[PDB]
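What follows is one structure encoded as structure tokens, with my remarks underneath.
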Amino acid sequence: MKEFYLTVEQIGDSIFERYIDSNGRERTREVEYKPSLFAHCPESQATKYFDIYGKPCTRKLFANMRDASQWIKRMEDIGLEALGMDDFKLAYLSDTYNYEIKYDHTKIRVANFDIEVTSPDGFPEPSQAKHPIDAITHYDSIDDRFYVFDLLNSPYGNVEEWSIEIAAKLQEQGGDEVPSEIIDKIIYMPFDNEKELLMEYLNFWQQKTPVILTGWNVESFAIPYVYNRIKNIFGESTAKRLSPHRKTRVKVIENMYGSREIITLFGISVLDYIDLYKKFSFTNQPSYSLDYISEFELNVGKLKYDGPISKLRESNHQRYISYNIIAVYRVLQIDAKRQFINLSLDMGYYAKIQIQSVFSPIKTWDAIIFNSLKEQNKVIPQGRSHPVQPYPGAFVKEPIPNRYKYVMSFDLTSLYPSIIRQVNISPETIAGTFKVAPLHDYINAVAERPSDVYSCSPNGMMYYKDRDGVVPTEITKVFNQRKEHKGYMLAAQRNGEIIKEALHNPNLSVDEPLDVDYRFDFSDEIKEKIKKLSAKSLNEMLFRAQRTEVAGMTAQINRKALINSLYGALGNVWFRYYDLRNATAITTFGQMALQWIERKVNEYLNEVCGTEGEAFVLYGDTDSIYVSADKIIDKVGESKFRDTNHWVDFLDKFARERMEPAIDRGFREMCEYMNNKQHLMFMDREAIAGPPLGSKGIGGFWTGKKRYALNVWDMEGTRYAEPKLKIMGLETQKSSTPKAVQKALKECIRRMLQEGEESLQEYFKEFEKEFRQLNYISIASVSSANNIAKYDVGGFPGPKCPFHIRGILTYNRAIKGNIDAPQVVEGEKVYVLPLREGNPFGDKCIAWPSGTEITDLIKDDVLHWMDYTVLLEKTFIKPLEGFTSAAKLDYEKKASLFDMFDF
DNA sequence: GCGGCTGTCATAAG
DNA sequence: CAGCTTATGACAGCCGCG
Ligand SMILES: Nc1ncnc2c1ncn2[C@H]1C[C@H](O)[C@@H](COP(=O)(O)OP(=O)(O)OP(=O)(O)O)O1
Ligand SMILES: [Mn+2]
Ligand SMILES: [Mn+2]
Ligand SMILES: [Mn+2]
């Protein structure tokens with residue numbers, strides 16, 4: 001019933017828009033848009049547009065954009081502010097969509113597709129499309145069909161049709177196990193020559209031209225390659241047919257490293273899933289191949305064939321095509337789980353931007369603020385070139401390296417965005433400055449009150465209070481979105497810890513999984529049905545609850561990402577509202593607030609426990625505080641609480657009814673001190689962490705800033721049935737750690753925290769012995785392969801050459817000659833192993849592409865020349881030393897006098 | 001050759 | 001190629017040390 005855009009795009013002086021009309025049909029437009037911009041003019045003229053400061057502005061309507069832009073560059077040339085939205089696309093969308101956009105995902109065509117290409121030349125360069133495409137699979141979100149385009153004959157041998165029968169069969173029957181969920185959704189069409197396969201696919205693209213285009217590396221491989229294949233075969237003219245408006249630009253991506261090339265398809269918003277996943281997943285991965293991610297997200301089987309990829313088509317065409325089909329399915333499966341494409345749409349439409357602009361926070365917020373001002377008949381200021389100036393950030397406490405038994409943690413709900421709201425920080429809301437005392441003076445309240453009338457930050461900034469700024473206004477609106485999606489995540493998690501509590505003492509029946517929406521706290525009625533439901537169906541509920549929670553993560557964490565990104569924007573030379581005055585006012589106030597509540601909390605409990613001077617808060621990072629409950633429990637005497645929960649219950653009920661009220665008036669004082677607009681410092685209890693009851697076990701430890709581990713029972717209302725290890729900063733959290741060692745180290749920590757000195761030493765003994773028998777992959781270090789060229793001197797290590805680059809250069813030397821082996825790529829990640837003295841390679845180490853197994857051309861020897869001793873001390877012992885040094889423990893009993901004894 | 005030390009890098013925590 | 005700062009540890013190259 002309401003119209004919304006699908007794409008927008010500016011070519012010369014026409015605007016091209018794909019949109020869905022008021023009925024539901026996809027259409028196109030070609031509009032000669034008349035843009036507007038503004039300039040300062042005096043008071044005597046009757047006007048109705050002001051800039052954000054409230055100065056009057058006059059509006060200029062240009063016939064075309066060619067004019068509208070030329071104006072801008074003659075305006076800066078003279079040096080007078082050319083006000084208004086200069087990104088004509090956005091201004092346009094705002095004009096056409098003077099309302100909140102209530103889009104419908106079922107009318108938006110989302111496609112994803114995988115290309116296969118055979119190449120004995122090694123990797124097929126998408127710029128050169130040297131070889132022929134012999135498989136395309138294209139899923140359409142509206143037809144809900146995998147359209148398979150199979151090539152039969154090519155200069156690399158001819159083959160027979162693919163069979164949906166054999167495909168759907170079991171791997172155990174020789175079939176390919178193509179999921180049945182989709183077997184009836186497959187549209188298969190074989191081709192005799194490439195040119196036919198190609199022309200029919202181009203025609204098909206016309207009939208089902210995609211809005212969102214996706215897949216895995218489709219922006220760096222599948223698109224450029226297919227575009228360039230067609231270029232060289234049909235001429236560029238037909239090649240441009242790939243964009244519903246017939247315009248393509250070779251967009252250059254440059255780093256501080258090099259310069260790759262991508263192709264732009266005007267009229268299609270390309271969201272590559274590898275760029276989606278790297279942005280929104282909040283997980284750093286050792287490898288970003290589809291297999292590795294699939295095994296990770298979907299716990300599916302490592303898609304296994306036989307021989308190399310290059311020969312697969314000749315040798316086994318039936319796996320070839322299925323393995324291309326399944327490839328596409330699992331991208332839709334990771335999206336089913338993660339729901340990134342959804343989020344992208346949610347965010348783009350909220351801002352009224354191009355959908356591919358979600359990757360840019362600066363763009364996003366620029367358009368959010370813009371659309372906000374337009375509504376109030378206000379004019380945005382001009383863009384400006386600023387020198388990059390580094391400024392101060394958050395404050396991290398210096399924690400005494402030590403074990404810590406009973407611990408409880410608190411955290412500020414969106415500290416930075418709250419501070420914008422609390423103090424009223426916005427570009428136009430600025431009131432003036434005052435003589436600033438040292439920051440420590442404001443923490444203790446010793447220094448004088450900043451201003452009686454304005455709202456103040458301890459960096460010497462004053463802000464209005466009667467006026468609502470734009471940034472606080474707009475940040476509140478997106479905060480709320482998080483606050484609520486955060487509510488459905490924690491509830492979906494809460495529900496987890498019933499279903500898990502159920503799986504302890506289950507039932508057996510032939511019941512089906514119960515129908516309830518997991519976004520809300522399970523009620524009394526539902527919970528008791530759970531105590532009788534079968535383990536099979538119960539399992540199929542935890543899965544669903546977990547899938548809802550992951551959907552919870554996605555919407556919340558990424559909106560949290562947006563709000564904080566508004567702060568980062570206030571510090572970005574390219575951001576329209578960049579103003580260090582503002583950004584520092586945020587970070588600084590943030591330091592005061594933290595240290596303030598430390599002092600204060602060190603004052604509340606000391607007066608409560610009787611003690612005079614004790615240091616209760618052991619650590620704090622930006623907004624969080626960690627409190628040592630030892631004196632508290634000791635005050636009541638641990639010889640009370642019957643079980644582990646009884647003292648956990650105790651401390652939650654403690655934090656709730658006693659602590660946060662005392663904090664509440666603590667933070668209230670500071671608001672009054674700083675005469676802020678409204679009080680929005682909210683500290684909520686997160687982790688309740690201790691050791692199990694009646695067991696030798698340390699509970700937790702700090703080894704220094706940003707490196708600590710706790711053993712947690714309750715994490716933000718959500719109460720775990722099994723203790724959950726909360727490890728921040730340590731080697732178990734680093735992607736560069738070998739997978740087997742990550743596992744090893746976490747078990748050491750678990751035992752340390754849960755089972756004491758005894759248990760650890762025992763596991764250390766055992767791990768050491770069964771270390772040499774581990775998978776080589778599971779013990780490799782990982783790392784990014786950057787500036788390979790910078791340090792490559794004739795295929796040999798240059799000066800200051802890092803250890804993993806050395807690894808890489810060794811690889812290249814050893815593989816130099818025959819091309820068929822995997823090449824390492826500038827940018828991607830590599831597995832690194834250390835080699836023993838006098839190995840047949842040049843060096844003391846070897847690297848190769850992560851994910852993959854190393855080539856048989858070199859595998860046999862590597863395994864033989866692996867340096868286990870160095871690898872174990874490098875990756876496992878050294879980091880472990882740290883933990884124990886910190887907790888004041890020994891991972892290995894020191895020798896003594898008693899050792900002189902017969903067992 | 002070993003041991004601080006600063007610097008490039010990779011990757012974490014906010 | 002896509003907001004911000006703060007902070008760690010692995011490692012290479014430099015420098016003092018009978
Ligand atoms: N990715 C980021 N980009 C910019 N600033 C950040 C980022 N992460 C954290 N910060 C800053 C802003 C945060 O308010 C502050 C502490 O963040 P953190 O406690 O991790 O989340 P948060 O306080 O924004 O909300 P919440 O505590 O509800 O998760 O540090
Ligand atoms: Mn594939
Ligand atoms: Mn926080
Ligand atoms: Mn925090």
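Residues are named by chain letter and number: chains run A, B, ... in the order of the structure tokens, numbers start at 1 in each chain, and ligands are numbered from 1 in the order shown.
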Would you mind listing, for every residue of chain B within 12 Å of chain A, the two atoms forming the shortest contact and the distance between them in Å to one decimal, using only C-alpha atoms (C1' of nucleotides), sorted by chain and ascending residue number, as JSON lines?
{"residue": "B:7", "atom": "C1'", "partner": "A:800", "partner_atom": "CA", "distance": 9.6}
{"residue": "B:8", "atom": "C1'", "partner": "A:800", "partner_atom": "CA", "distance": 7.8}
{"residue": "B:9", "atom": "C1'", "partner": "A:802", "partner_atom": "CA", "distance": 7.6}
{"residue": "B:10", "atom": "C1'", "partner": "A:783", "partner_atom": "CA", "distance": 7.0}
{"residue": "B:11", "atom": "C1'", "partner": "A:734", "partner_atom": "CA", "distance": 6.9}
{"residue": "B:12", "atom": "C1'", "partner": "A:729", "partner_atom": "CA", "distance": 5.8}
{"residue": "B:13", "atom": "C1'", "partner": "A:706", "partner_atom": "CA", "distance": 6.1}
{"residue": "B:14", "atom": "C1'", "partner": "A:622", "partner_atom": "CA", "distance": 5.9}
Distance filter 10 Å around ligand 1, atoms: only C-alpha atoms (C1' of nucleotides) and all ligand atoms, out as a ChimeraX atom specification
/A:282,393-395,410-419,479,482-483,486,556-569,586-587,590,621-624,682-684,686 /B:13-14 /C:3-5
Counting only C-alpha atoms (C1' of nucleotides), what is within 12 Å of residue C:17, bar same-chain residues fewer than 3 positions away, as a PDB file with N, CA and C atoms (P, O5', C5', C4', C3', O3' and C1' of nucleotides), in the first residue's frame?
ATOM      1  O5'  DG B   1      77.270 -16.598  19.093  1.00  0.00           O
ATOM      2  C5'  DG B   1      75.992 -17.042  19.592  1.00  0.00           C
ATOM      3  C4'  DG B   1      75.852 -16.712  21.061  1.00  0.00           C
ATOM      4  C3'  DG B   1      74.424 -16.385  21.511  1.00  0.00           C
ATOM      5  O3'  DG B   1      74.064 -17.183  22.648  1.00  0.00           O
ATOM      6  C1'  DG B   1      75.922 -14.678  22.221  1.00  0.00           C
ATOM      7  P    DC B   2      72.676 -17.056  23.457  1.00  0.00           P
ATOM      8  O5'  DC B   2      73.069 -16.063  24.638  1.00  0.00           O
ATOM      9  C5'  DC B   2      72.490 -16.203  25.949  1.00  0.00           C
ATOM     10  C4'  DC B   2      72.484 -14.871  26.664  1.00  0.00           C
ATOM     11  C3'  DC B   2      71.094 -14.337  27.023  1.00  0.00           C
ATOM     12  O3'  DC B   2      71.129 -13.908  28.388  1.00  0.00           O
ATOM     13  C1'  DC B   2      72.319 -12.674  25.903  1.00  0.00           C
ATOM     14  P    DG B   3      69.828 -13.432  29.183  1.00  0.00           P
ATOM     15  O5'  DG B   3      69.842 -11.862  28.912  1.00  0.00           O
ATOM     16  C5'  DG B   3      70.247 -10.935  29.935  1.00  0.00           C
ATOM     17  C4'  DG B   3      69.670  -9.567  29.656  1.00  0.00           C
ATOM     18  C3'  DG B   3      68.144  -9.503  29.580  1.00  0.00           C
ATOM     19  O3'  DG B   3      67.742  -8.316  30.261  1.00  0.00           O
ATOM     20  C1'  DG B   3      69.072  -8.552  27.642  1.00  0.00           C
TER      21       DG B   3
END
Kindly work out which residues sit at most 8 Å from ligand 2, using only C-alpha atoms (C1' of nucleotides) and all ligand atoms, and give the list as an MDAnalysis selection string.
chainID A and resid 114:116 323:325 327:328
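Across the structure, atom CA of residue A:364 and atom CA of residue A:350 are spaced 9.3 Å apart.
Every residue of chain C that lies within 9 Å of chain A is listed here, counting only C-alpha atoms (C1' of nucleotides): residues 1, 2, 3, 4, 5, 6, 7, 8, 10, 11, 12 and 13 of chain C.
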Members of stretch 639-779 of chain A assigned alpha helix (DSSP H) by DSSP, as a ChimeraX atom specification:
/A:644-654,660-673,739-769,776-779
Out of stretch 157-351 of chain A, which residues get strand (DSSP E or B) from DSSP, as a ChimeraX atom specification?
/A:157-158,186-191,212-214,248-254,259-265,269-270
Export, as an mmCIF file, in the first residue's frame, the selected residues with N, CA, C and O atoms.
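And here's again.cif as it stands now:
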data_model
loop_
_atom_site.group_PDB
_atom_site.id
_atom_site.type_symbol
_atom_site.label_atom_id
_atom_site.label_comp_id
_atom_site.auth_asym_id
_atom_site.auth_seq_id
_atom_site.Cartn_x
_atom_site.Cartn_y
_atom_site.Cartn_z
ATOM 1 N N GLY A 157 37.855 -30.814 -22.084
ATOM 2 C CA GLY A 157 37.105 -32.075 -22.078
ATOM 3 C C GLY A 157 35.594 -31.953 -21.967
ATOM 4 O O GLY A 157 35.071 -31.003 -21.359
ATOM 5 N N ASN A 158 34.903 -32.939 -22.544
ATOM 6 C CA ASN A 158 33.450 -32.913 -22.675
ATOM 7 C C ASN A 158 32.803 -33.866 -21.685
ATOM 8 O O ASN A 158 33.396 -34.884 -21.341
ATOM 9 N N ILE A 186 15.346 -26.999 -7.503
ATOM 10 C CA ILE A 186 16.440 -26.880 -8.456
ATOM 11 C C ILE A 186 15.919 -26.812 -9.898
ATOM 12 O O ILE A 186 15.169 -27.694 -10.338
ATOM 13 N N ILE A 187 16.308 -25.759 -10.618
ATOM 14 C CA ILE A 187 16.010 -25.647 -12.044
ATOM 15 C C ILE A 187 17.305 -25.834 -12.829
ATOM 16 O O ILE A 187 18.197 -24.994 -12.787
ATOM 17 N N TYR A 188 17.392 -26.940 -13.553
ATOM 18 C CA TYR A 188 18.622 -27.330 -14.222
ATOM 19 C C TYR A 188 18.520 -27.206 -15.733
ATOM 20 O O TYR A 188 17.568 -27.697 -16.337
ATOM 21 N N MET A 189 19.511 -26.565 -16.343
ATOM 22 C CA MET A 189 19.546 -26.414 -17.796
ATOM 23 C C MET A 189 20.969 -26.554 -18.348
ATOM 24 O O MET A 189 21.826 -25.728 -18.063
ATOM 25 N N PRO A 190 21.223 -27.617 -19.137
ATOM 26 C CA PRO A 190 22.563 -27.895 -19.644
ATOM 27 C C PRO A 190 22.847 -27.150 -20.939
ATOM 28 O O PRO A 190 21.913 -26.806 -21.671
ATOM 29 N N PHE A 191 24.126 -26.921 -21.225
ATOM 30 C CA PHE A 191 24.521 -26.157 -22.406
ATOM 31 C C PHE A 191 25.660 -26.792 -23.204
ATOM 32 O O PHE A 191 26.617 -27.318 -22.636
ATOM 33 N N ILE A 212 19.350 -6.789 -4.325
ATOM 34 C CA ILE A 212 20.475 -7.250 -3.532
ATOM 35 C C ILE A 212 21.147 -8.402 -4.277
ATOM 36 O O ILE A 212 20.490 -9.378 -4.675
ATOM 37 N N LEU A 213 22.450 -8.276 -4.489
ATOM 38 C CA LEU A 213 23.219 -9.367 -5.062
ATOM 39 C C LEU A 213 24.268 -9.790 -4.050
ATOM 40 O O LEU A 213 24.929 -8.940 -3.438
ATOM 41 N N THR A 214 24.409 -11.099 -3.861
ATOM 42 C CA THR A 214 25.224 -11.614 -2.768
ATOM 43 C C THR A 214 25.874 -12.950 -3.103
ATOM 44 O O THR A 214 25.878 -13.363 -4.253
ATOM 45 N N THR A 248 28.499 0.687 -16.014
ATOM 46 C CA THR A 248 29.412 -0.051 -15.150
ATOM 47 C C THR A 248 30.703 0.740 -15.000
ATOM 48 O O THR A 248 31.240 1.246 -15.989
ATOM 49 N N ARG A 249 31.198 0.845 -13.768
ATOM 50 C CA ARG A 249 32.446 1.552 -13.486
ATOM 51 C C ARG A 249 33.438 0.619 -12.804
ATOM 52 O O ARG A 249 33.069 -0.126 -11.896
ATOM 53 N N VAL A 250 34.691 0.659 -13.249
ATOM 54 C CA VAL A 250 35.738 -0.157 -12.646
ATOM 55 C C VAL A 250 36.265 0.543 -11.386
ATOM 56 O O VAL A 250 37.224 1.317 -11.439
ATOM 57 N N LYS A 251 35.605 0.267 -10.258
ATOM 58 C CA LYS A 251 35.889 0.925 -8.973
ATOM 59 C C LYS A 251 37.188 0.409 -8.348
ATOM 60 O O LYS A 251 37.354 -0.795 -8.126
ATOM 61 N N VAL A 252 38.099 1.339 -8.070
ATOM 62 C CA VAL A 252 39.434 1.019 -7.560
ATOM 63 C C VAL A 252 39.489 1.080 -6.024
ATOM 64 O O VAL A 252 39.252 2.134 -5.416
ATOM 65 N N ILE A 253 39.781 -0.063 -5.409
ATOM 66 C CA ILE A 253 39.981 -0.143 -3.960
ATOM 67 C C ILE A 253 41.481 -0.075 -3.675
ATOM 68 O O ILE A 253 42.236 -0.961 -4.090
ATOM 69 N N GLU A 254 41.912 0.980 -2.988
ATOM 70 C CA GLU A 254 43.317 1.119 -2.607
ATOM 71 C C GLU A 254 43.516 1.140 -1.095
ATOM 72 O O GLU A 254 42.792 1.824 -0.367
ATOM 73 N N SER A 259 46.422 -2.184 -4.555
ATOM 74 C CA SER A 259 45.268 -1.698 -5.324
ATOM 75 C C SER A 259 44.540 -2.785 -6.119
ATOM 76 O O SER A 259 44.945 -3.116 -7.240
ATOM 77 N N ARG A 260 43.462 -3.321 -5.545
ATOM 78 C CA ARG A 260 42.622 -4.304 -6.245
ATOM 79 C C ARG A 260 41.517 -3.609 -7.057
ATOM 80 O O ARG A 260 41.256 -2.414 -6.853
ATOM 81 N N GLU A 261 40.897 -4.343 -7.985
ATOM 82 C CA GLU A 261 39.858 -3.772 -8.864
ATOM 83 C C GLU A 261 38.511 -4.513 -8.804
ATOM 84 O O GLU A 261 38.447 -5.741 -8.967
ATOM 85 N N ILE A 262 37.442 -3.754 -8.561
ATOM 86 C CA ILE A 262 36.078 -4.296 -8.587
ATOM 87 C C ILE A 262 35.219 -3.594 -9.643
ATOM 88 O O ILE A 262 35.542 -2.489 -10.079
ATOM 89 N N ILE A 263 34.124 -4.236 -10.043
ATOM 90 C CA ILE A 263 33.238 -3.670 -11.055
ATOM 91 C C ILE A 263 31.898 -3.234 -10.457
ATOM 92 O O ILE A 263 31.256 -3.989 -9.726
ATOM 93 N N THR A 264 31.511 -1.994 -10.749
ATOM 94 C CA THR A 264 30.249 -1.445 -10.263
ATOM 95 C C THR A 264 29.125 -1.640 -11.266
ATOM 96 O O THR A 264 29.261 -1.341 -12.450
ATOM 97 N N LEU A 265 28.007 -2.138 -10.762
ATOM 98 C CA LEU A 265 26.826 -2.372 -11.568
ATOM 99 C C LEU A 265 25.740 -1.394 -11.158
ATOM 100 O O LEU A 265 24.939 -1.691 -10.260
ATOM 101 N N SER A 269 22.538 -3.173 -5.916
ATOM 102 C CA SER A 269 23.249 -2.973 -4.659
ATOM 103 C C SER A 269 23.892 -4.290 -4.240
ATOM 104 O O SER A 269 23.203 -5.237 -3.854
ATOM 105 N N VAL A 270 25.217 -4.346 -4.350
ATOM 106 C CA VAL A 270 25.968 -5.564 -4.073
ATOM 107 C C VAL A 270 26.447 -5.588 -2.638
ATOM 108 O O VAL A 270 27.228 -4.737 -2.204
#
List the spatial neighbours of stretch 59-65 of chain A as number ranges by chain - criterion: any atom at most 10 Å away, only C-alpha atoms (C1' of nucleotides), same-chain residues fewer than 3 positions off excluded.
A: 10-15, 32-41, 47-50, 68-71, 83-84, 86, 88, 379
Could you pull the residues within 12 Å of residue A:160, counting only C-alpha atoms (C1' of nucleotides), minus those fewer than 6 positions along the same chain, as a PyMOL selection string?
chain A and resi 150-154+190-192+313-318+320-321
Best match for closeness to ligand 4 among A:779, A:530, A:824, A:594, counting only C-alpha atoms and all ligand atoms
A:594
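Those residues that approach residue A:267 to within 9 Å, counting only C-alpha atoms (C1' of nucleotides), are residues 6, 7, 8, 9, 16, 17, 18, 211, 243, 244, 245, 246 and 247 of chain A; same-chain residues fewer than 6 positions away are not listed.
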List the spatial neighbours of stretch 596-601 of chain A as a PDB file with N, CA and C atoms, in the first residue's frame - criterion: any atom at most 8 Å away, only C-alpha atoms (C1' of nucleotides), same-chain residues fewer than 4 positions off excluded.
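Below you can see selection16.pdb, which holds the result:
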ATOM      1  N   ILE A 443      36.990  14.322  39.550  1.00  0.00           N
ATOM      2  CA  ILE A 443      36.657  12.996  40.066  1.00  0.00           C
ATOM      3  C   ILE A 443      36.353  13.089  41.566  1.00  0.00           C
ATOM      4  N   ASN A 444      37.176  13.838  42.295  1.00  0.00           N
ATOM      5  CA  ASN A 444      37.025  13.965  43.739  1.00  0.00           C
ATOM      6  C   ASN A 444      36.013  15.035  44.147  1.00  0.00           C
ATOM      7  N   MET A 592      35.968  10.580  33.588  1.00  0.00           N
ATOM      8  CA  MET A 592      35.521  11.141  34.862  1.00  0.00           C
ATOM      9  C   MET A 592      34.475  10.233  35.488  1.00  0.00           C
ATOM     10  N   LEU A 605      31.173   0.664  50.092  1.00  0.00           N
ATOM     11  CA  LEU A 605      31.406  -0.661  50.660  1.00  0.00           C
ATOM     12  C   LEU A 605      32.330  -0.616  51.872  1.00  0.00           C
ATOM     13  N   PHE A 616      38.398  -2.015  46.895  1.00  0.00           N
ATOM     14  CA  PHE A 616      37.373  -2.979  46.491  1.00  0.00           C
ATOM     15  C   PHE A 616      37.337  -3.246  44.993  1.00  0.00           C
ATOM     16  N   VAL A 617      37.433  -2.176  44.210  1.00  0.00           N
ATOM     17  CA  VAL A 617      37.393  -2.274  42.762  1.00  0.00           C
ATOM     18  C   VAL A 617      38.809  -2.480  42.226  1.00  0.00           C
ATOM     19  N   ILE A 625      33.364  -1.854  35.975  1.00  0.00           N
ATOM     20  CA  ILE A 625      34.137  -2.047  37.218  1.00  0.00           C
ATOM     21  C   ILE A 625      34.057  -3.468  37.750  1.00  0.00           C
ATOM     22  N   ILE A 663      24.561   3.165  44.088  1.00  0.00           N
ATOM     23  CA  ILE A 663      25.197   3.640  42.872  1.00  0.00           C
ATOM     24  C   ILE A 663      24.332   4.725  42.243  1.00  0.00           C
ATOM     25  N   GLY A 666      24.848   7.849  43.689  1.00  0.00           N
ATOM     26  CA  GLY A 666      26.239   8.156  43.366  1.00  0.00           C
ATOM     27  C   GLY A 666      26.385   8.871  42.027  1.00  0.00           C
ATOM     28  N   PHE A 667      25.783   8.305  40.980  1.00  0.00           N
ATOM     29  CA  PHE A 667      25.794   8.915  39.650  1.00  0.00           C
ATOM     30  C   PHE A 667      24.913  10.149  39.537  1.00  0.00           C
TER      31      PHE A 667
END
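Atom pair atom CA of residue A:106 / atom CA of residue A:20 has a distance of 11.1 Å (rounded to one decimal).
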